[PDB]
Amino acid sequence: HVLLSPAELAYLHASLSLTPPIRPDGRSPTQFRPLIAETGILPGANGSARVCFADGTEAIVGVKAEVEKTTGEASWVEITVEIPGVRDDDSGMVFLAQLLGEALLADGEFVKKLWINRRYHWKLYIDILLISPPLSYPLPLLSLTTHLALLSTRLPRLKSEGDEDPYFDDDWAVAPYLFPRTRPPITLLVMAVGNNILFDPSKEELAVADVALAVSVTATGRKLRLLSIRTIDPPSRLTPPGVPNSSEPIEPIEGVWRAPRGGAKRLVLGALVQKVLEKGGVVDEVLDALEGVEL
Amino acid sequence: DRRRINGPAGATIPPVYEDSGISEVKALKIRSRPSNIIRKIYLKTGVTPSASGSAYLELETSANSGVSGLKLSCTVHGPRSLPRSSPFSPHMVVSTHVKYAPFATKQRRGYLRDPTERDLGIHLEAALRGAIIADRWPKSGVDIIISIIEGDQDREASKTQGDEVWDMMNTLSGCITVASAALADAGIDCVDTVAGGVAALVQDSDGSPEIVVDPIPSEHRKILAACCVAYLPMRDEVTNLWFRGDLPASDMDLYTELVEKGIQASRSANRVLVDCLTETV
Amino acid sequence: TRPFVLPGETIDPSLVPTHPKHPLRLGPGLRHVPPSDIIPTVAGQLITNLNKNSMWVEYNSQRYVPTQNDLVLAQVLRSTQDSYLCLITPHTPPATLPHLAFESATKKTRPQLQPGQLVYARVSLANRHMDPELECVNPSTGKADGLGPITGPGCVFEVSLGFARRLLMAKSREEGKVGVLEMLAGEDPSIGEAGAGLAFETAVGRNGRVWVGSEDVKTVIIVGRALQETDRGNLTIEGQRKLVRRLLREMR
Amino acid sequence: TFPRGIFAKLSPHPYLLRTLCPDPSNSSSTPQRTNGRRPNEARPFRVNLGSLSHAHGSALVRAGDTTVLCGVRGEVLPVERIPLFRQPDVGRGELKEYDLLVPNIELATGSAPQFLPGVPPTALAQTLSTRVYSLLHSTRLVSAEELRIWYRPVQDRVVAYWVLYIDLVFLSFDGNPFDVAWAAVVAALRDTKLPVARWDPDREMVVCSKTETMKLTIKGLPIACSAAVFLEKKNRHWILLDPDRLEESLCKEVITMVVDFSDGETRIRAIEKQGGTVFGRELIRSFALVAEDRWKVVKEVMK
Amino acid sequence: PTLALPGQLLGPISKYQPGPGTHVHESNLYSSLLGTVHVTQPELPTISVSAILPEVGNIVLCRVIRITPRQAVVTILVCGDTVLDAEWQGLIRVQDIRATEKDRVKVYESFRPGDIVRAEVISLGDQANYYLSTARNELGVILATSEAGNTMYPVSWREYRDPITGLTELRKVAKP
Amino acid sequence: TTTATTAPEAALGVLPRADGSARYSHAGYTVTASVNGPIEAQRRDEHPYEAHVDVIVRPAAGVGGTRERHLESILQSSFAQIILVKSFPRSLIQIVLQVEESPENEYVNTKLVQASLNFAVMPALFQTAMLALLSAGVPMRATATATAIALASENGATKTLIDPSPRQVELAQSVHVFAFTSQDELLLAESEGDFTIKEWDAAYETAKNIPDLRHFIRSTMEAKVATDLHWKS
Amino acid sequence: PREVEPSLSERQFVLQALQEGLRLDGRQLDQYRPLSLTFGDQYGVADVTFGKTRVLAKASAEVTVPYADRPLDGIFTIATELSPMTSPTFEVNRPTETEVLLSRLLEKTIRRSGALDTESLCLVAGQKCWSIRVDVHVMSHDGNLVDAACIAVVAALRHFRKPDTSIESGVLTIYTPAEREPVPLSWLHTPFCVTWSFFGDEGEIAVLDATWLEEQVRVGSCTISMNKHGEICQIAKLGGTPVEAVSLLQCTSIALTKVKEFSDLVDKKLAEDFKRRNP
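Going by the header, the method for this PDB entry is cryo-EM, and the resolution given is 3.19 Å.

Below you can see the structure in the form of structure tokens.
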């Protein structure tokens, strides 16, 4: 997806390989980039949110809740991911669409919320638009927008009982929140180079990742609950090889890039998820920043 | 479609059972297999000589002889010239195609290809690409095609069994194992054999949950979480980790155990994989 | 009259011309086999010319098959680092026109043709294997011999290949029976409403494209309609006169 | 000349011609293909019915390297969902009017090099599907009488029809697809055991027993035999039964012959010659005997 | 005769030198293939595994599929007397056909589609093609079939002759 | 045009833009075929030795399903045996066949997606394609003519129906399609239904020795060539 | 493959001739090619020829279960897949910008014109509805397919006859032609397409029926669909060089005249065919 030169990649890998990871941004490994977001961006949508990164990418999510004829729980919710310029069937788009759905349907509590009555259920439509061209891996931003959107989602209050077809007050200000203030799941693209664990990686950083995980978490530091982990195929594997100065290389030559040839060391996987779930960690930082957005 | 003999205009209904007696349904399946023992893997190599390398994998549904469940046919196609629309790639391009057999399709007539088929491709692609040496064969591509001949549970029936995701993890574990068998058969430079292990945290009683290797959701009253792992025992590396389930961060130990047993399942599966490959040559 | 033959109907050796001095020069529509049998490949009428010990099947068809030394009105499609690709026929594989295939052409003095530029060129090379090559020079002399890019104001009109051959044969009106050009030029007397003849220059590709140019739009349209309508109509020479009489009234 | 392996890859047709023509120098040599199989020798069938657990019927048919897995899954089609439906008197018939048989062939990607994902798609899958479909109906293999689902209160009505989705997947393709594919279809249909279904007026839907099953009354046993002509072009021509993938690439002319011998008299249910003119009336008349022999041997496999 | 699995340990890099079918990892040498181990034992002993790609300098046999006045595009079939399970396109540029008078030689006079050429790989090429040179006595057309479809024989280095039709044809004969 | 007329009716150059074309109608079936002379083959089918022949069949109504894909293969294989494909190594030959009319089966409601082989239409398609190829002047080894025989059985006798309507085909005990080359060789032999080899051979005779399609092809082609070579004199 | 282009000599001349008010066909700028409309022996077959442009169109009705866009509604569809017969440039199963617009303009014309009584089509609600499919076959493409196709489509649909049907005791009986005489498809008003083309660099030259060669030279076009009574069913000047609104109003004003004679022809031609059916 992303394109970089081997010599450019070799510098990035070496810099992040140092004991204190010297990220190209100068950012701390625990530190996210600045976040700009909006809620209720689209009127007439039960929940909507916009998010734009310092990277320039932006995404908009809108939530439509429609009463449908069915404590009861079924995967009524459907997620759509509109990426500009894709064939509507690409690997990345469908993988993301399933991944975000996996997070919400992971506990199944979320399905329960959308249960108007035993006879009728709220079929929830989540439409995710990547406003910007896919300059970098959208997953982090899309997840944060979905988190913000669901938080902003309000559900029509039910004047009618359940056995009769449901009837709802019409005031959006009367309608109570979905996920009223468990939280909607956040998901962090976590990356590893050597023993260093990196969060919110830039496309340049992610291009040299030895390991990349999409970790979905929620809260009820905060009382975190792990929901899913998926291994993002390190884009580093698809990069060109480095050419040493004047066949199988016997030695890891300094400054010569070489795609990570194996899998993730077993311990690193524990380290990547351990650091995600540590109390007061990145998840708390993300939720603190996210929950500070007006709703 | 133009390319297939369309069935009847009306939407056909899958058979719905009479369900005459509730009593007849009686007891719920209980896992007799020890918590640390995988299903009996049947693995064969060279099943499609036309391909550069191939393998076939089949599992007993509930460790019962003759009761076959998952069935996977894999045909690695050997490094071959890349299409000329994208005629160059510095690294060998691993391409994974996974398709449920029409017999195994969720719908006998389907408007849309299962998202599940695309998803399994990405997981398997990530798992195998880690285990395959791309540097060896620049300017070339290798295509791993998995045909999911049969699922461990009928697709339309799986909808009733809590969640298809658990079945998908079982399917992915098989895909990793069979694909590795095919890759070894095809003589594709691989860092290590990769086998697909899967493990689950389950709670079939009011007592504390157990960690169970190679689960099937029907055998358990509640799967709290599960993990699928493409693992390289000679490297002690994981090329594709997949986990799902609500686990409190306080239960980080359980997750760690869940992954470890999932890796243990991968080692167990790899045992069959090496045995099949050893006897193949 | 000439015998009509369907494909595969082996020519009887009695009909076959035999000349000890010259090997039989088979033309279009005939195929030789080692057994020394001559088999027609297309439906048509067998033609024999004992003066040349030559024999071929006469037939009419649209899609032109490039043949060496033919004169064709190719249209440039693109320019490569050294040659201009030209499409002799609309879906035929593009021919190659070397950049220096024009009279007095050099890397400095080469004519700068453009995509879609019409060019009248000879088929330099043609094989069943390789794509055809074009030329505007006569390589033995370097002169254009009337070939080269078509610069004048005009238009191109498609015609059947058989009709194109009728125009290109020297005795076009007497043998080819195509008097339309003479009638419109005023060379055929007693046409009526002659108007002293129109003024135009026409170049006829073996590929069935005939470029006709004139400063007068009406002239180009009229001659274009005349050639196309006499071709599609298979009109007799008197039918041609009736045609141009009708056209020249519409031209008014 | 070249090492035999190299000679097989480049100039395959001369290489086969050499095997198919016993060399003049050796009396001992006999006509034989690159497979070692004789021109008049077909590949041995292997049939493993019940291969797919979910399918109402199934067969895994192996013919040399070619490997077809056929799965027959029956689904119920309510008459209220059938345009053109009429209560039978007890048109093209129910099978064709309602499309109760839905065969589809999957030349599974990678089953052979020509079906690689990057290679352009070919119509072979469609042609086989219709070849099976028409042969499936013309042979009258399955009777709509079996697929009807009745109410019969205690005013009889047909409430739905069983729809047989006869899906085939070529796990391995080594040429001669139709013979294997048709054998799998027949083998699977013979194995098909649909659940006994009935109309539930209280639920107003068709319901099926969890244990009782009714087997299809497949009538006859049409067995497909195929061959291809290899030409030295004295225009010597060799008839190759069960053409291997490689042999199909070299033999432009192919013949397919579907015969049924359950009456003890060969009955030709279908013929499909194409691609050449070697197969005149004489060879086709001769081939009917070859197909009958193929029927006899296959009959012993599809017990 | 020792069978090795993918990822099986072969030994430390200090004892062996990685050969085909092997890969290094943390100063240790492993087998990347399922196959038998072999040690060259020539510096350190090279170790390899045997269960293929064209390479510069290799002699390949290929089939001509299309010819252009500039280059003839061939399909590579055999590399070093080894048939290739998958095929690669190669280009024989007009410069690369003949050892001398490279300006005078023409593709049409050298090879035509369908015949089999034995060529030497000159370079891994841009895009999808290799670049092969037949400009050597041992290189050129091996099997040729006339326009009439008969299998020809090399009458002289310049041309092939037909045994049935008798006609000659100009092609780049391989001298042996 | 209609089924009752014994005489085949054909035209050539029906479609002007096409390289060659022909509109042929017989026994109630009308098909219009356009042939494009060797042209640029899409790299997919650029065979190194011979021209690729690409037959395309379009039904009168509905989208071309699997049925047509079979007809295209049937005609593609046969015509590739007729055309001198060796003469245009890398070129392509388009043969688009458009079924303009077939006898409407009054006893069945319209079904467009039907996937069964329709032997009924094979002869009309083959003849029109043959005429179009002759019109296009594509070099060929020989002409070819196709005929359809339906072996209906009535009472105790078997009845041969020549060029039957599709209604007759479905009522027929068996149906046969023979395509004989001008050399009297057999080119296609597609057949279906239960029949003994004796019955097939009997039908082979009926289709081969009989409207004289060989004459019809020659006569119509003679008229076309005589018309456009009238100038020759 | 990509469409073949005229030589810049042809492009310049055609533009030059139009500036003179002359066309290579000898027709005026506001004149159509000779229109020939032929009806096939089978009901619903119509064969329109605009000079060298021929468009065969066949209507068909099959009772089908209603789902998706018309779950209980009864649905009329148009299929106009172009084929190499149209031109080698076109490829099977490969829609093109020409085909997509052609289909889009036809379906909008027939549907938005309200010509068909969709309520009449549904035999049963949510179970069985008549589906009226009209297949358009462009036998020869010499420009103005959108116009030739529209006449063929409406001619076919007006010529087409449904199988008769009857509801008895709630039982839907659909009668084959042998059982009952097919009933003509009800048809309120007939829309007709007119496709102007604009050539001047400012779009100041408007041509009524473009030859294929002209269509390659034109800088814009504007399809207009109208009833005989002047109701415009659609207008589609989908971009291209802009044209002064006065010109478009002139184009529509002229188009109504051409539509009236098209309507008269189809009515006359249907009457002529009707007498062949019932002398």
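Resuming the write-up.
This next bit is on the nonpolar core. Counting residues in each nonpolar core, the largest one holds 209 residues, and the members touching the most others are A:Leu124, B:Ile144, B:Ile146, B:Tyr255 and E:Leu132. The biggest single contributor to this core is helix α4 (residues 164-186) of chain B, with 14 residues. Counting 99 residues, the second-largest nonpolar core is a separate cluster that includes D:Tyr161, D:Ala187, D:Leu241 and F:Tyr204.

Before going further, it helps to examine the interface of chain G and chain C. Counting from both sides, the interface comprises 21 residues of chain G and, opposite them, 22 residues of chain C. Looking only at chain G, the three residues that lose the most surface to chain C are G:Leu8, G:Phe13 and G:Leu24, adding up to 31% of its buried area. For the pair chain G and chain C, the number of links is zero salt bridges. Put simply, chain G and chain C have four residue pairs in polar contact between them. Partitioning the side of chain G that touches chain C into residue classes produces eight nonpolar, six polar and seven charged.

A cluster of like negative charges, contributed by G:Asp201, G:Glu202, G:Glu204 and G:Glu244, occupies part of the molecular surface. With respect to the secondary-structure elements, G:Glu244 resides in the loop between β13 (232-236) and α6 (245-277).

Facing 43 residues of chain B, the contacting portion of chain D comprises 57 residues. Summing both sides of the interface, chain B and chain D together bury roughly 4,000 Å²; the carbon and sulfur share of this comes to 59%. On the chain B side of the interface with chain D, the three residues burying the most area are B:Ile5, B:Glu18 and B:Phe103, jointly 18% of the side's total. Scanning the region where chain B abuts chain D turns up four salt bridges. For B:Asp154, the salt bridge is made with D:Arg73, and the minimal N-O distance between the two is 2.9 Å. Viewed at the interface, chain D and chain B are joined by 20 residue pairs in polar contact. Elements supplying a minimum of two residues to the side of chain B that touches chain D: β3 (68-81) and β5 (140-150) of chain B. Residues that form the side of chain B that touches chain D fall into these classes: 18 nonpolar, 13 polar and twelve charged.

All names here are of chain F. Where helix α1 (residues 66-82) meets helix α2 (residues 122-136), the axes come as close as 11 Å, and the angle between the chain directions of the two elements is 40°. Between α1 and α2, the crossing angle belongs to the class labelled oblique. Regarding α1 and α2, the two cross each other, and that crossing is right-handed. For the pair α1 and α2, contact is made by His 70, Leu 71, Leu 75, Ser 78, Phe 79 and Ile 82 and by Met 122, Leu 125, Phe 126, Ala 129, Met 130 and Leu 133, respectively. In terms of residue class, the contact of α1 with α2 is made up of ten nonpolar, two polar and no charged.

Residue and element names in this part refer to chain G. Taken together, five strands build an open sheet; the order of strands is β1-β2-β3-β5-β4 and the sheet is mixed. Strands with a single pairing partner mark the edges of an open sheet, and in this sheet they are β1 (35-39) and β4 (76-79). Here the strands of the sheet are splayed against their neighbours by 20° on average, with no regard to which way each runs. Here four bridges tie β4 to strand β5 (residues 129-140), and the two strands are oriented parallel to one another. When the bridges of β5 are listed, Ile 78 appears paired with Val 134. Running over the sheet, helix α2 (residues 97-112) touches β4 and β5 and is turned about 155° from β4. Across the sheet, α6 is in contact with β1 and β2 (45-50); its angle to β1 comes to roughly 30°.

Below, the discussion takes up the pairing of strand β4 (residues 22-25) of chain E. All names here are of chain E. Where burial is concerned, the two faces of β4 agree: the one with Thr 22 and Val 24 and the one with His 23 and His 25 are both buried. Inspection of the sheet shows β4 paired to strand β5 (residues 28-31) by four bridges, in the antiparallel sense. Note on β5: the bridge partner recorded for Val 24 is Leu 29. Counted along the chain from β4 to the antiparallel partner β5, the turn is two residues long, and its residue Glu 26 has a positive phi close to 50°.

Before going further, it helps to examine the arrangement of the chains. Out of 14 pairs of chains that touch, the pair holding the most contacts is chains B and D. Chain C shows no contact with chain D. Their nearest C-alpha atoms sit 13 Å apart. The two units chain E and chain G remain apart, with a minimum C-alpha distance of 20 Å.

If you walk through the whole model with that rule in mind, you get 27 aromatic pairs over all chains. Every member of this aromatic cluster is reached through a ring pair, and the members are F:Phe178, F:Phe180, F:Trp200 and F:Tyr204. The ring of B:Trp166 carries the charged tip of B:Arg244 above its face, separated from the ring centre by 4.7 Å. Lying over the aromatic face of D:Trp150, D:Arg152 brings its terminal NZ or CZ to 4.0 Å of the ring centre.

The terminal C-alpha atoms of helix α1 (residues 6-17) of chain A, which comprises twelve residues, lie 16 Å apart, in line with the 16 Å expected from a rise of 1.5 Å per residue. Looking at the buried residues of α1(A), the elements they touch are β6 (186-193), β7 (196-199) and α5 (203-206) of chain A.

For the rest of this paragraph, the subject is the pairing of β1(G). Within a regular strand, side chains alternate between the sheet's two faces. Residues and elements named next belong to chain G. By the bridge criterion, five bridges tie β1 to β2 in an arrangement that is antiparallel. Among the inter-strand pairings, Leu 37 is bridged to a residue of β2, identified as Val 48. From the end of β1 to the start of β2, which pair antiparallel, there are five residues, and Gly 44 there has a positive phi angle of about 90°.

What counts and what doesn't
Residues numbered from 1 in each chain as written, not as in the entry; some residues may be left out. Chains lettered and ligands numbered in written order. Part of a larger assembly, values for the part shown. Heavy atoms only, no water. Core = buried A, V, L, I, M, F, W, Y, C linked by side-chain atoms within 4.5 Å. Buried < 20%, exposed > 50% of the residue type's maximum accessible area, 1.4 Å probe, protein only. Helix = DSSP H or I, 4+ residues; strand = E, 2+ residues; numbered from the N terminus. Contact = heavy atoms within 4.5 Å. Buried area = accessible area lost by both parts, 1.4 Å probe. Salt bridge = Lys/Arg side-chain N within 4 Å of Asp/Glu carboxyl O. Polar contact = N/O pair within 3.5 Å; in protein donor to acceptor, adjacent residues only side chain to side chain. Nonpolar A, V, L, I, M, F, W, Y, C, P; charged D, E, K, R; others polar. Patch = residues over 30% accessible without salt bridge, like charges linked within 9 Å, V, L, I, M, F, W, Y side chains within 5 Å. Areas by Shrake-Rupley, 256 points an atom, 1.4 Å probe, with all protein chains shown as cover. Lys, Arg positive; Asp, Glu negative; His and termini not counted. Charge placed at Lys NZ, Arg CZ, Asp CG, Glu CD. Axes fitted to C-alpha atoms, helices over the stretch in contact; angles between N-to-C directions. Parallel < 35°, antiparallel > 145°, perpendicular 65-115°, else oblique. Left-handed = near helix turned anticlockwise from the far one by under 90°. Pairing = 2+ DSSP bridges. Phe/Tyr/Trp six-rings, centres within 6.5 Å; stacked < 30°, edge-to-face > 60°. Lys NZ or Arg CZ within 6 Å of the ring centre and 35° of its normal. Expected span 1.5 Å × (residues − 1).

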